[PDB]
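As a convention, Cβ positions derive from the backbone with ideal geometry for all residues, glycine included, and neighbour counts pool all protein chains shown. Please treat every number below as a calculation from the coordinates, not as lab data.
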Amino acid sequence: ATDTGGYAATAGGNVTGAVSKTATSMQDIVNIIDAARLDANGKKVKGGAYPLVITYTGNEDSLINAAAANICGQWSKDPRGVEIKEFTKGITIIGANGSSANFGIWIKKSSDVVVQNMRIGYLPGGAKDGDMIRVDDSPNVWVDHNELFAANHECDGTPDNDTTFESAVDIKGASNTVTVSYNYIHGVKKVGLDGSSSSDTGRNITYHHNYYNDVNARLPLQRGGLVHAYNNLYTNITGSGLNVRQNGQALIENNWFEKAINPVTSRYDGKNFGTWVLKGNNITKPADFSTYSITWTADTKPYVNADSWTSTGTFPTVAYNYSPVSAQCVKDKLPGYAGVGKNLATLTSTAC
Ligand SMILES: [Ca+2]
């Protein structure tokens with residue numbers, strides 16, 4: 001099946017005639033993908049010659065520990081990452097239990113890509129696009145069960161005062177359908193975009209069963225399109241959460257927000273506010289703002305906050321199938337399903 005629980009419908013590299021390769025390092029992943037471009041004669045096949053399922057068994061904990069030991073030294077270093085450019089045959093990059101990376105995965109102009117069980121933390125090159133996961137012009141991508149972290153901190157002297165670390169799951173271009181699910185994302189300033197700029201609007205993206213903890217902004221920063229956010233556990237949001245902009249429509253349901261500032265908002269442009277449909281969250285009305293430590297701030301430019309906690313628009317009928325658990329259950333159970341080492345386990349009502 002291609003069931004992801006969201007907009008993306010894909011099995012990645014887990015399809016017929018797929019080649020199974022074990023990568024012991026970042027270079028091993030790079031080499032496997034490059035070999036995968038040639039046929040039996042050594043001639044290049046457009047989009048890849050065959051489907052790939054790469055099991056990453058490398059471990060770069062020394063580097064992640066070193067980066068955590070001096071986080072401000074990260075921005076200036078060379079960014080590291082495995083580019084998955086123009087690979088359309090179906091590819092799955094899955095980390096083995098215990099594997100870790102101090103490099104990110106960069107998906108560009110591809111389709112049918114699955115990234116699972118990868119622990120990516122404290123990446124170098126925040127000043128030069130050292131994203132942890134990047135999806136650009138890539139539809140049918142599944143970013144599932146990964147642990148993406150760093151330090152939710154901004155150092156002084158960084159170019160643009162926004163480059164201490166890069167994003168966790170930036171999505172842009174024609175990544176028409178993407179599902180970001182069961183990821184443990186913590187200690188991350190800029191979590192993820194949905195459109196690199198005001199003009200890059202569109203895409204249908206689903207964020208489900210993600211555990212955001214100690215993150216500052218972009219859960220995501222939506223620009224146009226549709227965003228379906230369900231069963232996500234949003235704790236300790238230091239800046240803003242879902243920022244629905246450029247007339248994007250969101251459906252926020254069965255999520256558990258807590259200790260969050262501006263959890264649902266539309267700010268930073270001053271116009272073209274997006275809309276949201278709120279249903280089944282742990283917060284039902286403003287009265288729960290005190291109960292769940294939900295706080296709101298203003299902005300220098302016109303903005304709209306979900307301080308009334310009422311829907312500001314509508315949402316199309318959800319295409320794919322999904323069965324969401326209660327907000328309380330995500331709060332209870334989700335921390336043991338989200339992330340790596342959970343053997344890609346999913347949260348069902350049976351487990352509530
Ligand atoms: Ca980025």
Quick check on the chain: helices-only [θ] at 222 nm, where DSSP H runs of length 4 and up contribute -39,500 (n - 2.57) each and the sum goes over total residues. Nearest 500, please.
-2000 deg cm²/dmol
Quick check: Cα centre of the range 88-147 to Cα centre of the range 173-235, how many Å?
14 Å
Would you mind checking which residues have amide H under 5 Å from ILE283's amide H? H placed 1.01 Å from N; only 5 or more apart, or other chain.
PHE257
Which whole-Hz ³J(HN,Hα) couplings does the range 75-89 yield from phi under the Karplus relation 6.51 cos²θ - 1.76 cosθ + 1.60, θ = phi - 60°, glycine and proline marked x?
4, 6, 5, 6, x, 10, x, 9, 7, 10, 9, 6, 10, 10, 6
Among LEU52, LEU334, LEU38, determine the one that fluctuates most according to a GNM of the chain built with springs between C-alpha atoms less than 10 Å apart.
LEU38
With Cα springs under 10 Å, the Gaussian network model of the chain assigns the largest mean-square fluctuation among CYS329, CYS155, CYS72 to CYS155
FRET efficiency for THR16 and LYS271, Cβ-Cβ distance as r, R0 = 41 Å, nearest 0.05?
0.25
Identify all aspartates and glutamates with a Cα-Cα distance to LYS89 below 16 Å; exclude those on the same chain that are fewer than 8 residues away in sequence.
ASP34, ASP39, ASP112, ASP137
Positive-end residue of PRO124, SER25, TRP106, charge dipole of the chain with Cβ unit charges:
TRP106
Can you give me the relative contact order of the range 215-352 as a percent, contacts being Cα pairs under 8 Å and 6 or more apart?
22 percent
Could you tell me how far the Cα centroid of the range 293-313 sits from the Cα centroid of the range 37-85, in Å?
39 Å
Given H placed on each backbone N at 1.01 Å, which residues far from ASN183 in sequence or on other chains put an amide H within less than 5 Å of it?
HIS145, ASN146, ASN210, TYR211, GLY339
Obtain the nm distance between the two label points defined at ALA35 and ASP156 by a simple spin-label model: each point lies 7 Å from its Cα along the Cα-to-C-beta direction.
5.1 nm
GNM top mover of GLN328, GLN249, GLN27 - the chain, alpha-carbon springs below 10 Å
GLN27
Please list 3J(HN,Hα) in residue order for the range 95-103, calculated via the Karplus relation 6.51 cos²θ - 1.76 cosθ + 1.60 where θ = phi - 60°; whole Hz, with x for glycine and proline.
x, 7, 4, x, 6, 8, 10, 10, 9
Be a star and scan the range 156-175 for residues whose amide nitrogen sits under 11 Å from the point 7 Å along the Cα-to-Cβ vector of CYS72.
156-158
Which trypsin sites (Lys or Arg not before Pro) in the range 19-94 sit in a loop by DSSP (not H, G, I, E or B) and have at most 15 other Cβ atoms within 10 Å of their own Cβ?
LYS43, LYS46, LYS77
Going Cα to Cα from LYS285, which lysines come in below 16 Å? Please leave out same-chain ones fewer than 8 positions away.
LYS259
For the pairs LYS21/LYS128; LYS128/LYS271; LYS85/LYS189; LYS46/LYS128; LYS85/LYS128; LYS108/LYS271, note any where the Cα-Cα span goes beyond 23 Å.
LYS21/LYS128; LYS128/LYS271; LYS85/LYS189; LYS46/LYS128; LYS108/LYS271
Just to check I understand the Karplus step: with θ = phi - 60° and J = 6.51 cos²θ - 1.76 cosθ + 1.60, what whole-Hz values come out for the range 59-68, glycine and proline as x?
9, 10, 4, 4, 6, 6, 5, 5, 6, 6
